[PDB]
């Protein structure tokens, strides 16, 4: 039973709160309410023969809650920075979170990068080749997730556990 603290960061309306629902309860709501402050869950998965336990903190993405961030990642051993592929600016904001994570968070944190809403390739604005580049340059764990089709949701989380 190795217990770790995880925190989802990113701009609002990217899919942070929905990824958690897909990762835990395996559901999805097209009309989800916005996260006020932060919600707390604990999900237990077992890689190989060893059990790990996540202390998940789904944060609020609005600009106001930015000052409350260090409370959420101070003891985090992992951080998922979620952006939208249908919004270039959300990805541009994710760059600031990572760069802020690198500055202020724990030096041994397993930062992950996620490009969500990947099912909306119709309105895709960010390029997968670009994000994969920026990630590989910044030592991140980049995938393309989709809480609407369960794509890479369980994959990105457990991929962090491998490094844990």
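Residue numbers count along the first chain shown, from 1.
- Averaged over CA atoms, B-factors in the entry run higher in 42 to 50 than in the other of 56 to 64 and 42 to 50.
- On average the C-alpha atoms of 21 to 29 have higher B-factors than those of the other stretch, with 151 to 159 and 21 to 29 being the two compared.
- Which of 70, 115, 37, 107 has the largest Cα B-factor in the deposited entry comes down to 107.
- Comparing C-alpha B-factors across 120, 111, 133, 125 in the deposited entry, the largest value falls on 133.
- Residue 7 sits in the lowest third of its chain by CA B factor, as recorded in the PDB entry.
- Ranked by C-alpha B-factor against the other modelled residues of its chain, residue 96 falls in the middle third.
- Ranked within its chain, residue 85 lands in the highest third, by CA B factor from the PDB record.
- In the deposited entry, the Cα temperature factor of residue 140 sits in the middle third of values across the chain's modelled residues.
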